[PDB]
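Protein chains in written order, with the authors' numbering: chain HL, 42 to 65, 88 to 236; chain HD, 23 to 162; chain Hd, 24 to 160; chain CC, 60 to 268; chain GN, 39 to 116; chain HN, 39 to 116; chain IH, 311 to 361; chain GK, 38 to 188; chain HK, 38 to 188.
In what follows, a single structure is set out as structure tokens and then discussed.
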Amino acid sequence: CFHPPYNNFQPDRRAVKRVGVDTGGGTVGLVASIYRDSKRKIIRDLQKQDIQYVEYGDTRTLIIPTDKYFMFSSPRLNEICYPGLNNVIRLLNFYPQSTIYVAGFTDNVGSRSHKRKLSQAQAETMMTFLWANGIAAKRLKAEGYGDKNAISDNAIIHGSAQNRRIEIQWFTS
Amino acid sequence: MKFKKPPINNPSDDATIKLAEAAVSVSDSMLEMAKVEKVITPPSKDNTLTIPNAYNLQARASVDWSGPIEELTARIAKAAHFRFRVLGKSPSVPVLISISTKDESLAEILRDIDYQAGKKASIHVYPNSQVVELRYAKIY
Amino acid sequence: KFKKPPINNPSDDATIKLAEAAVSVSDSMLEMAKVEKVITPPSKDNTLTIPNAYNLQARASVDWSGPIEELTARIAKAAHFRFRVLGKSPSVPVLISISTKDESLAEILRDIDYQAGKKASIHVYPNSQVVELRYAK
Amino acid sequence: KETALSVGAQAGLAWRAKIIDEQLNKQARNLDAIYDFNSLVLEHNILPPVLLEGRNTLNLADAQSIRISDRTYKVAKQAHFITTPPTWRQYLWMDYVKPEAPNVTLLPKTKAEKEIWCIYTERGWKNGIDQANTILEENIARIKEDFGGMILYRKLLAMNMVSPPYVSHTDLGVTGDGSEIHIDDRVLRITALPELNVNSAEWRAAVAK
Amino acid sequence: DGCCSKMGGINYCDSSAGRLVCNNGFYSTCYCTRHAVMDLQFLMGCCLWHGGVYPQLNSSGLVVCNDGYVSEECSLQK
Amino acid sequence: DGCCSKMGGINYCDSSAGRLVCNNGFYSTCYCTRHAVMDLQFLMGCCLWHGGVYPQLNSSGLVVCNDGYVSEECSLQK
Amino acid sequence: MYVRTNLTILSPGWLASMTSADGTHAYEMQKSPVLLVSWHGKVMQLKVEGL
Amino acid sequence: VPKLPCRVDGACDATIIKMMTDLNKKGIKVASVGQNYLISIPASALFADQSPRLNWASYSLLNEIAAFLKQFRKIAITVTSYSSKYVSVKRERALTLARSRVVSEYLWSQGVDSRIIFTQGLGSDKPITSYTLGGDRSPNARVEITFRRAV
Amino acid sequence: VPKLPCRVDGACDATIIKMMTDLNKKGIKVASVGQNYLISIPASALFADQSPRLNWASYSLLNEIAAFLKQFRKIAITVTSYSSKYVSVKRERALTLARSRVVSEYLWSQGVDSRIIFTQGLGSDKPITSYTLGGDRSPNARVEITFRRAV
């Protein structure tokens with residue numbers, strides 16, 4: 042049926058499951096499947112998850128909370144919030160030609176070299192997972208920055224919480 | 023069509039907030055102090071030379087110890103099948119070690135233990151002799 | 024099916040910041056110990072080596088706290104070795120306290136020398152079965 | 060009335076103290092990990108002293124009279140011996156005692172008395188909360204100050220602007236009468252206390268890369 | 039009441055910021071601790087900008103501030 | 039409350055072990071003397087990490103520890 | 311206060327300590343209703359009453 | 038409570054959400070990331086074609102955005118103007134500068150609680166899309182305001 | 038006395054016996070002597086075909102075994118791995134080492150209060166049965182946990 046650990050890197054077959062369980088109707092199964100695979104529904108699902116999506120003209124960006132989709136203070140990943148990653152792959156399938164930039168970001172506290180190394184490691188892990196999902200290697204660039212340029216204050220608790228993040232940018236042409 | 027910033031954690035506590043706020047400053051100050059002293063004092067030798075690694079020292083270990091030294095080193099020697107040897111006598115004041123690590127190498131664990139012990143004790147190894155020597159410091 | 028998360032995981036902002044600070048202070052203190060620590064190379068560690076003589080492989084148990092002369096002479100008597108000195112004893116004798124339940128003569132002598140330190144040394148001639156104490160000048 | 064105020068204040072203070080102590084117990088290991096003291100003790104089991112530094116001070120004595128200073132240094136606590144490294148319990152742990160005293164005889168009579176009792180208890184609860192938080196703030200400030208003084212002394216000793224302490228040790232052989240004997244008398248006394256050097260040539264600067 | 043309306047509601051009070059945090063990922067507009075920046079620009083309390091109100095009790099209705107200045111307007115009339 | 043429940047039953051309390059013995063030769067869960075190994079973290083009372091509570095009482099409700107430190111949280115407040 | 315054990319007292323700070331030939335420790339220190347011992351690498355507290 | 042303020046004057050998160058939704062339905066872009074807010078307005082709906090003039094209807098939208106921005110506490114706000122490529126470089130540079138000047142002047146006239154206002158124009162130097170068939174109707178021609186909600 | 042704990046928290050002898058019986062009847066080997074306890078688990082019910090990637094369904098078994106482990110006040114725990122001869126010696130030695138590392142990491146993540154955990158894997162260097170026909174199905178290829186109860 043399905044494997045929670047990334048379905049062994051195989052493309053999802055969920056529409057067949059739904060149409061089968063609905064026939065067991089075909090029409091309602093098909094309409095529900097197309098409704099859920101509609102990009103609007105995927106965006107709503109991502110919004111339901113703790114994941115941010117920004118669209119500006121053609122350039123489009125994704126924001127990921129490291130603490131929620133990562134293992135604490137380590138290049139490992141959480142193995143519970145994998146539905147978000149599956150949705151990420153499903154969405155990214157829609158733009159199979161645009162190049163991708165990905166970056167990692169931490170807070171201010173710590174050694175400069177330490178923070179830069181950790182950011183680079185996390186970004187590299189993310190891009191490696193994306194490539195292993197099936198994306199062409201020539202369309203990826205990865206980078207890890209420390210506190211070089213934050214998006215909020217590092218002198219307050221929730222601000223520092225928002226500071227550490229994963230950023231994804233992609234064009235269209 | 024609601025809006026939401028990503029980070030949503032469990033509710034926090036004011037005491038924890040204050041503790042972390044103190045801790046960051048303390049860590050930064052001590053970090054720059056360490057940088058300054060490293061700059062002013064040149065490093066010469068590495069304890070790896072004194073205690074090199076060898077075969078069968080690779081079985082991994084995850085530890086959490088906050089007591090004296092002898093029990094820990096005896097357990098390590100028992101695991102490593104190496105002969106424990108002691109030189110010198112411990113002073114009246116015990117030498118206390120606190121270690122919070124996980125899943126690393128035996129050789130580096132022992133080197134870190136020696137580093138934390140510092141100028142009170144030292145650890146030596148003889149692989150051909152498969153012995154671990156724990157020497158105290160003769161002082162005062 | 025169920026892979027439970029870490030139990031005492033830092034699921035709070037203050038907790039994660041505190042843990043990161045703990046990592047930082049650990050690293051900094053480790054560096055401090057590294058830089059301030061002083062070691063001697065194993066090439067020039069002037070300590071007595073194991074004589075590896077067959078007559079020194081026995082086991083015993085001795086708890087002595089006093090001069091070195093009587094203890095070393097008795098050890099030589101047990102090992103069937105002649106024993107002599109070189110130098111002169113000071114006014115206040117050198118005091119050594121070693122206790123063991125099971126130990127061999129080689130490491131016993133090595134520990135004796137290590138306790139003695141700069142004040143005295145011990146040499147072993149296995150070709151001519153003798154042990155010589157050497158005072159400092 | 061004010062009796063309800065006082066008992067509610069007591070209840071709130073006790074509850075907050077219990078909560079904060081429980082939180083401190085739960086988050087323990089990292090605390091001792093960061094607040095080491097053994098890695099700070101000196102050579103002879105001598106606790107390093109405590110120092111304070113001030114920057115850019117000013118005092119207007121009166122009209123016509125002003126005195127400014129760039130930097131100043133104070134020896135807060137003189138160094139002294141020690142047998143066991145300090146921990147954080149004697150700086151942050153709170154006294155907890157459940158007040159089970161039913162010293163209440165102004166029992167409610169009407170709804171108005173019941174609700175004024177309720178509001179008095181509420182403000183007492185809040186007052187206990189703020190009291191506990193203030194005590195915690197003072198404690199954490201004090202322990203931070205002590206640790207800062209320790210690290211300041213370490214830094215300045217590294218910079219070679221203060222005199223390191225000096226201890227002299229003497230040794231004596233067997234001693235005692237025919238009924239009491241000691242094997243090895245070893246007497247150690249700190250002859251030279253730590254202090255600063257008001258000299259100038261002895262100053263070596265530091266610059267990183 | 040609940041300032042975090044039209045959102046998830048109150049999550050917790052950031053004491054360092056002195057602000058409530060809504061369940062929605064945003065900072066609330068209300069407060070929880072007095073140590074916050076509110077642009078207060080008017081207040082009462084006479085003998086102001088001086089030694090304050092002298093704690094002495096006097097037979098006369100005039101009140102003198104601790105700096106020696108007197109606030110007759112704060113005091114009674116005749 | 040059965041310490042050796044679903045077992046051989048209570049055999050005896052070893053004081054040197056500070057533990058109960060089940061009839062089947064497996065160490066029990068309960069304790070039987072204060073001279074045992076219990077994980078102790080939470081404590082009651084006040085003037086902790088000090089000279090304890092001073093036995094002498096004062097007319098004022100303040101309580102001061104025997105090392106000279108005063109515990110406001112232990113003293114009742116105005 | 312005098313105490314006799316084989317553990318390692320930590321918190322209050324003992325004024326004097328004596329060691330037997332079998333690792334038994336006898337400590338002498340100032341009065342305090344609580345003790346702290348690192349037993350086997352694990353921190354532990356000891357309750358003292360009747361002071 | 039009667040003395041200590043409990044809320045910042047004229048604050049209502051419900052109103053904030055309402056007007057954010059209304060603005061985005063009107064099509065003017067509102068974006069928030071961390072402690073930062075960026076609002077983008079198309080040039081066609083505000084200014085005259087290739088000229089710095091103001092339609093009388095536009096002042097309703099200006100009043101709306103002023104009332105919105107009045108809700109927050111800030112330090113500095115930055116305004117940038119972008120347009121298409123029409124004749125030269127200095128042409129649209131000056132046009133953007135004048136448009137930013139006018140909008141900043143009106144906003145400052147409005148009782149905006151702000152300390153610093155910065156105004157800049159660039160023209161058609163960093164367009165958001167390669168497709169540039171439209172002129173002032175092209176979406177790249179726009180005005181942007183950026184600021185940070187401070188504490 | 039009244040507030041002093043009656044027993045060690047999170048411990049019930051009936052629960053211990055019940056879950057030990059459950060594990061033994063499910064086939065996971067539990068052995069007791071004095072106060073030294075040993076547990077054996079066939080590698081087939083844990084890993085893939087000679088791969089250091091634990092099967093997803095085995096997480097319930099790991100949860101159960103950790104839940105059993107939580108009732109014992111312990112100091113040191115040893116986890117070792119045995120395998121079959123597949124290609125070389127170093128291959129399966131590294132495989133066993135990785136498997137032991139992973140299981141040790143998961144246990145350390147779980148709340149099993151110890152002081153020391155040792156982990157190692159020695160491939161097929163400690164055979165216990167002449168039958169070596171199967172591969173990962175062979176009984177000797179397995180994992181084992183040893184510890185000694187304290188006090």
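We put the CB at the ideal spot given by N, CA and C, even for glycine.
| field | Identity of the residue in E111(HN), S54(HN), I48(HN) and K116(HN) nearest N61(HN) by Cα | value | Comparing Cα-Cα distances from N61(HN) to each of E111(HN), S54(HN), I48(HN) and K116(HN), the minimum goes to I48(HN).
| query | List, in order along the chain, the chain GN residues whose C-beta lies closer than 8 Å to that of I220(HL)? | reply | Near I220(HL) (Cβ distances below 8 Å), the residues of chain GN are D52, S54 and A55.
| query | Considering only the beta carbon of each residue, do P158(CC) and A73(CC) sit closer than 8 Å? | reply | Yes, they are a contact pair.
| task | For residue 228(HD), count neighbouring Cβ atoms within 10 angstroms of its own Cβ and tell me buried if that reaches 16, exposed if not. | result | Past the edges of chain HD, shown from 23 to 162, lies residue 228(HD), and the structure says nothing about it.
| request: Measure the C-alpha to C-alpha separation of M82(HN) and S118(HK) and round it to an integer number of angstroms. | output: Answer to the nearest angstrom: the Cα atoms are 47 Å apart.
| field | Reference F133(HL), options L154(HL), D108(HL), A186(HL) and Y119(HL), closest by Cα | value | If we check each option's Cα against that of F133(HL), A186(HL) comes out closest.
| said: Can you list, in chain order, the residues of its chain with a C-beta nearer than 6 Å to that of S175(GK)? Leave out the 5 residues immediately preceding and following it. | reply: Residues of the same chain with a CB within less than 6 Å of the CB of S175(GK), apart from the 5 flanking positions on each side, are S121 and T169 in chain order.
| said: Check this for me: beta carbons of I199(CC) and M52(HD), under 8 Å apart or not? | reply: Judged by their CB atoms, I199(CC) and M52(HD) are not nearer to each other than the 8 Å cut-off.
| query | Which residues share a DSSP beta bridge with residue 195(Hd)? | reply | With chain Hd represented from 24 up to 160, any question about residue 195(Hd) goes unanswered, as that position is not in the structure.
| task | For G208(CC), name the three-state secondary structure that DSSP assigns. | result | For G208(CC), the three-state secondary structure derived from DSSP is helix.
| query | Between the region 312-333 of chain IH and chain CC, which residues of the former have CB atoms less than 7 Å from a CB of the latter, in chain order? | reply | The region 312-333 of chain IH vs chain CC, Cβ under 7 Å: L320, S321, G323 and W324.
| query | Do the CB positions of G99(HN) and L114(HN) come within less than 8 Å of each other? | reply | Yes, the pair counts as a contact, with Cβ atoms nearer than the cut-off.
| message | Quick check on DSSP: helix, strand or coil for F192(HL)? | response | Correct three-state label for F192(HL): helix.
| Nearest to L79(Hd) (by Cα), restricted to the options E43(Hd), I121(Hd) and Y148(Hd) | Shortest Cα-Cα distance from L79(Hd) to any of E43(Hd), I121(Hd) and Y148(Hd) involves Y148(Hd).
| said: Just to confirm the assignment, what range does the alpha helix (DSSP H) spanning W324(IH) have? | reply: Under the DSSP assignment, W324(IH) falls outside any alpha helix (DSSP H); it carries neither an H nor an E label.
| query | Closest Cβ-Cβ distance between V59(GN) and chain HL: below 8 Å? | reply | Chain HL contact via Cβ: present.
| message | Could you pull the DSSP bridge partners for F64(GN) from this structure? | response | Per DSSP, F64(GN) has no beta bridge partner at all.
| Does the beta carbon of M23(HD) sit closer than 8 Å to a beta carbon anywhere in chain GK? | Yes, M23(HD) lies at the interface with chain GK (some Cβ there is under 8 Å from its Cβ).
| task | May I ask you to list the residues that DSSP assigns as paired with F184(HK)? | result | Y74(HK) and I114(HK).
| request: Tell me whether the beta-carbon of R179(HK) lies closer than 8 Å to the beta-carbon of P79(HK). | output: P79(HK) sits close to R179(HK), with the two beta carbons spaced by under 8 Å.
| field | DSSP-derived helix/strand/coil call for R44(GK) | value | Three-state DSSP puts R44(GK) in a strand.
| request: Would you verify that the beta carbon of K26(Hd) is, or is not, closer than 8 Å to some beta carbon of chain HL? | output: For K26(Hd), the answer is yes, since a Cβ of chain HL falls inside 8 Å of its Cβ.
| If you compare alpha carbons, which of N115(CC), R126(CC) and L247(CC) is closest to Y225(CC)? | Considering only alpha carbons, the answer is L247(CC).
| query | What did DSSP end up calling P79(GK) once you bin it into helix, strand or coil? | reply | Three-state result, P79(GK): strand.
| request: Buried or exposed for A331(IH), please, with buried defined as at least 16 other CB atoms from any protein chain shown within 10 angstroms of its CB. | output: When all chains shown are included, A331(IH) counts as exposed.
| task | Leaving out five residues on either side along the sequence, give the residues of the same chain with a beta carbon under 6 Å from the beta carbon of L134(GK). | result | Contacts found: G158.
| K85(CC) burial status per 10 Å Cβ neighbour count (16 or more: buried) | Under the 10 Å beta carbon count, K85(CC) is surrounded by fewer than 16 other beta carbons and is classified as exposed.
| 6 Å Cβ shell around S236(HL) - same chain, five flanking residues per side excluded | Cβ neighbours of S236(HL) within its own chain (closer than 6 Å, five residues either side excluded): none.
| task | Can you give me, in chain order, the residues of the region 40-54 of chain Hd that have a beta carbon less than 8 Å from any beta carbon in chain HL? | result | Within the region 40-54 of chain Hd, the qualifying residues are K40, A42, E43, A44, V46, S47 and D50.
| message | Under 8 Å, Cβ to Cβ, is there at least one residue of chain IH near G46(HN)? | response | Cβ-Cβ to chain IH under 8 Å: no for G46(HN).
| field | residue 82(HL) versus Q183(HL) - alpha carbon distance | value | Since the model of chain HL includes 65 and then 88 but nothing between them, residue 82(HL) has no atomic positions to report.
| Which of helix, strand or coil DSSP assigns to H73(HN) | Judged by DSSP in its simplified three-state form, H73(HN) adopts coil rather than helix or strand.
| query | Within the 8 Å Cβ cut-off, does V353(IH) reach chain HD? | reply | True, the Cβ-Cβ gap to chain HD drops below 8 Å.
| Cβ pair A94(HK), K24(Hd) closer than 8 Å | Pairing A94(HK) with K24(Hd) gives a Cβ-Cβ distance under 8 Å.
| task | Pull up the CB-CB distance for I39(Hd) and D130(HL), whole angstroms please, since I reckon it's below 8 Å. | result | Contact between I39(Hd) and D130(HL) holds: CB atoms are separated by about 7 Å, below the 8 Å threshold.
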